[PDB]
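One structure is given here, and the rest of the page talks about it.
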8 protein chains.
Amino acid sequence: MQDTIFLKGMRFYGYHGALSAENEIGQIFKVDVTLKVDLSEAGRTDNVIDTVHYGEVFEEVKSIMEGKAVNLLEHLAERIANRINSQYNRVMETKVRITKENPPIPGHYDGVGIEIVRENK
Amino acid sequence: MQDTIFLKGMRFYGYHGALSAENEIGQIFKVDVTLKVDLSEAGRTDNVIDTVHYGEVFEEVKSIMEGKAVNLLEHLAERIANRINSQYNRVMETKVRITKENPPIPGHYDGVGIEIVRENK
Amino acid sequence: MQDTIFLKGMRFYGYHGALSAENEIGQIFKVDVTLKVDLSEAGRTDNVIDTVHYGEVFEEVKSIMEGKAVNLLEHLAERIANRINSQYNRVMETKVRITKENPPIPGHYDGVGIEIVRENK
Amino acid sequence: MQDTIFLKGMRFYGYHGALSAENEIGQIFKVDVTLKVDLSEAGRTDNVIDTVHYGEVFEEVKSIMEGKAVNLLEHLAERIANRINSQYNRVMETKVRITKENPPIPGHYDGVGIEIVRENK
Amino acid sequence: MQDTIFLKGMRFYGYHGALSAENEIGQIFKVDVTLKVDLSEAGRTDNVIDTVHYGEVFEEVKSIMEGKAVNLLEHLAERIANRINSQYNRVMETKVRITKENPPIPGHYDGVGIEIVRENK
Amino acid sequence: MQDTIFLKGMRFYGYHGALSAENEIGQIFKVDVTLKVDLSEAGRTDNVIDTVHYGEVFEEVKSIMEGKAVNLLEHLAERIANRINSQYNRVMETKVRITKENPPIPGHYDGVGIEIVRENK
Amino acid sequence: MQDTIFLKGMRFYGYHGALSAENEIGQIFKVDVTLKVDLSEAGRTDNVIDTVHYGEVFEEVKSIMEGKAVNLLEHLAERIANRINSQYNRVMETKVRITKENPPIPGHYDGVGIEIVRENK
Amino acid sequence: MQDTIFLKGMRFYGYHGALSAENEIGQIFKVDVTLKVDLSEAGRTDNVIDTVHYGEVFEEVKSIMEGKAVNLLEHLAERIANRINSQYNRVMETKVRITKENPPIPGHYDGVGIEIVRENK
Ligand SMILES: Nc1nc(O)c(Br)c(-c2ccccc2)n1
Ligand SMILES: Nc1nc(O)c(Br)c(-c2ccccc2)n1
Ligand SMILES: Nc1nc(O)c(Br)c(-c2ccccc2)n1
Ligand SMILES: Nc1nc(O)c(Br)c(-c2ccccc2)n1
Ligand SMILES: Nc1nc(O)c(Br)c(-c2ccccc2)n1
Ligand SMILES: Nc1nc(O)c(Br)c(-c2ccccc2)n1
Ligand SMILES: Nc1nc(O)c(Br)c(-c2ccccc2)n1
Ligand SMILES: Nc1nc(O)c(Br)c(-c2ccccc2)n1
């Protein structure tokens, strides 16, 4: 089963980070969310009720990305992966990629980040 | 067998969507189609008749992407995957990725979508 | 005097547009704001008080771009140009470029928009 | 008067060109249209009737770009500039930039083209 | 063994294609070549003689991409995969992706192509 | 008279440069050529003989960019501007922008270059 | 005289800014430098001594962009414009564009900045 | 276990290369580093001490990419993979992709490079 529903390059301005200054000023966090979901019934029926509604997923991600400031991107992706799995039984697994394109790192790079894959139990 | 024939970033202006307004105004749907096909005979012969003609595939995709408006992207990719497999025996499998780069979703993202992989029976 | 302070590609999700559906669903409006301001005193002094603070300008633009939905982009740029000139005497002139990259227009383009230049009186 | 209404990167697949093969196969023509129009009344009124409707302009461009195949891009831009000026009195001047990003030219470039500016009489 | 040596987005202007007009005018063919090669000895030694020289590979690809015009991209990738495997014993496998970003296909897409993976015997 | 014929982002691999190593290894030189030419007769007639043929211009640029290695980009643009003006009476003026995106300069930048504008006498 | 020597998109990680946190963490500052210089003698002679050496200019910019942290971008561009004019008599005028693509501004934009043009006296 | 910590498109100006001229002039080396690390404890705890600190990783990469000039990119990636594994027990495996976007190769391509994956023992 290789079907997926995705949300690419979602961007939020938040205040997460392990450095004090980071939390004060803030920055843009890029988010990629890919969900493993069987889409053949929805492909057959065309009924939005036989699949997972991405608008709702974006809201879940947004509320976490734009909410209380935490330390790690690991903590943000885990809160997201655990929030999507809990609310949707159709999501057999959730992958969250979070990117800090502009962290307090003296250098020239395209970005730094983490990525987790969490199956739904 | 890892050979593939692909059509990348095909773009169509259509009226699909589960929201009334969506169907009225319309939007651009991005499409990525990758077909699993053995290309060694065509690689040996150079005869366009020993492989799958992509122009014809683009027509198949286009006619569905620019035809009657449906609800789900799941329904569009399923109609496409099922239309390419049916007409081409050389396509051992069909993967369809459909992206809504500008859905009625209040936010900043690069796009939302679904992706299905359907083997040919 | 060719000095300028600029804000490029600001993006807001708003509900402006002359079509009903437009106001319902909404879309992303891209904004470019360039202000004619003499920057030599600020260049000499280094005091943020001898120049125009762009953060404040972004707020002005944001509040208009993300506020009550109007019809024309012409009305949005005029409200912005008139709001920046009124509040800042240092701005000898204000240019506002507003782009609708994804309007309800059946076609393939990079975007449509308007641009106004309004001197401060 | 520096106000403008623009349509950027419009793209059409057409069969224009001075070479036989060109007209047979065809290619993508990129089009940039910028109109000099006073937008202060529309900025004050917010009435779409005090400005020029870009949707209609896109249609004018499209119908020429996707119609009978001609030789020169000079002929296409002249037909467009002359068609927008004729139908709109508010357009004090029309600039048409047409780009052939992939002409039958053995080389590596981003594109070739022409650009004309035609005032409305 | 997941080590690889790659050549990305190589571009050549050639006259391949199954349509007469195609061979007359020509077009740009994009090429991606990834070779499976054990790079630990070269990583340990730093001697260019313990790895595969990419300059030579580019020459091999170039000479085929810019040589006699064939029909299929399948034939070009097969000639390339077979030419790199034959000349280099260190290449355990060769993957060739060929893209026609601007084929004689009436539409809007990013490109069409094929991709083959050929192990070295 | 604001009409223009352009050739954008032409790219050539050459050995120009004031440093010995530069001439040995070589690099990619980006070239932008914009010609001031009255295009109304060509716009009226559609005859390729009432305008300037860009294919020929690309050849002129290419032959200089890919020929004998010189020192300055100033010398390359001057040879180009002087070669286009001499051969074409319709070109009222020639602008040549040459960019070295990857010069032997220890740093992070998008590119360095020169640009000249030479009227035809 | 429209000749110019340019340095585009130079990027430096520095600690400038009017906010304490800004100076602590730091960020990437993008710089565009365009110099008005007569390039015909250099175009005729090909001698690097009849024009302005951009490598040296990059060093001047770098040393200021990567040196002591100041408040305004206005102060950085003024120090740069004044440092290039002073050291080079051939530079009839200097334009400095400085961009903060990621300032401490809660929002979605491509960047904010200033631009100054300073003639050489 | 599919969790990963990544550093994308890091860029350094170095003097590596097998050609004399290469080491003299130098060039920009692009680096992609992806580390296999279990991030669930860090996702649960939010303590930066239960995961791998990317800033430190960037320093490790930087010091090698900007240090003594070697011959092969294979030698640079091996030094990096071996330096990250040695210092971090949490990194179950290290993948290093090094790209030479502008090597002394007469042609038009996006880049050439190598990629290694080294598990931590
Ligand atoms: N792995 C990881 N995840 C995060 O979310 C942060 Br913030 C850091 C980190 C902490 C301090 C300095 C640099 C990076 N490291
Ligand atoms: N999964 C899925 N596939 C589609 O094609 C649509 Br439209 C939606 C959807 C429906 C309503 C609101 C938001 C998204 N969701
Ligand atoms: N000039 C202009 N400015 C705007 O803001 C809009 Br919305 C429209 C318009 C109105 C109806 C259809 C198409 C475009 N036209
Ligand atoms: N100026 C100009 N405008 C056009 O539209 C074409 Br097609 C050509 C042309 C004709 C023949 C060969 C190359 C270019 N030249
Ligand atoms: N599979 C495949 N490989 C190629 O190289 C070509 Br050309 C075509 C093809 C042939 C005719 C029309 C459209 C595509 N099809
Ligand atoms: N102005 C200018 N034009 C060129 O073409 C070169 Br090469 C250089 C130059 C010479 C030496 C070092 C750095 C730049 N400078
Ligand atoms: N004009 C200008 N130039 C700068 O260099 C800075 Br920093 C600011 C500024 C200061 C405080 C808040 C927001 C912007 N404003
Ligand atoms: N495989 C490999 N790795 C490197 O790091 C270099 Br430099 C070269 C190489 C050597 C000489 C000419 C062309 C490429 N080849």
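Structure determined by X-ray crystallography, 2.2 Å.
Backbone N, Cα and C atoms are what each Cβ position is placed from, and that goes for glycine too.
Feature annotations, reproduced from Swiss-Prot:
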{"type": "ACT_SITE", "residues": "H:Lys100", "note": "active site, proton donor/acceptor"}
{"type": "BINDING", "residues": "H:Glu22, H:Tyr54, H:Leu73, H:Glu74", "note": "substrate binding site"}
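Known features from Swiss-Prot, placed on the structure.
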{"residue": "H:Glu22", "record": "substrate binding site", "Cβ within 10 Å": "21"}
{"residue": "H:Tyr54", "record": "substrate binding site", "Cβ within 10 Å": "21"}
{"residue": "H:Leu73", "record": "substrate binding site", "Cβ within 10 Å": "30"}
{"residue": "H:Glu74", "record": "substrate binding site", "Cβ within 10 Å": "30"}
{"residue": "H:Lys100", "record": "active site, proton donor/acceptor", "Cβ within 10 Å": "20"}
Pairwise Cα distance maximum in Å, substrate-binding residues per record: H:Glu22, H:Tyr54, H:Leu73, H:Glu74: 30
Entries of H:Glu22, H:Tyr54, H:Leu73, H:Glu74 (binding-site residues) sitting next to ligand 5, with Cβ under 6 Å as the cut-off: none
In sequence order, those recorded positions of H:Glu22, H:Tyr54, H:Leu73, H:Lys100 whose CB lies under 6 Å from ligand 8: H:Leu73
Assigned element (helix, strand, coil) containing H:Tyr54 (substrate binding site), judged by DSSP: helix
Contacting recorded positions, sequence order - H:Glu22, H:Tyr54, H:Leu73, H:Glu74, H:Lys100 vs ligand 1, Cβ under 6 Å: H:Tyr54
Of H:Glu22, H:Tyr54, H:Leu73, H:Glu74, H:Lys100, recorded positions neighbouring ligand 3, Cβ under 6 A: none
Cβ under 8 Å to chain A, applied to recorded positions H:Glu22, H:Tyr54, H:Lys100: H:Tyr54
Spatial separation of the residue listed as 'active site, proton donor/acceptor' from H:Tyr54 (substrate binding site) - C-alpha basis, Å: 23
Listed binding-site residues (H:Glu22, H:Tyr54, H:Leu73, H:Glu74) that sit near chain E [CB under 8 A]: H:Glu74
Against chain F, in sequence order - recorded positions H:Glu22, H:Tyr54, H:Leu73, H:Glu74, H:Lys100 with Cβ under 8 Å: H:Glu22
The residue listed as 'active site, proton donor/acceptor' and H:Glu74 (substrate binding site), Cα-Cα, nearest whole angstrom: 12
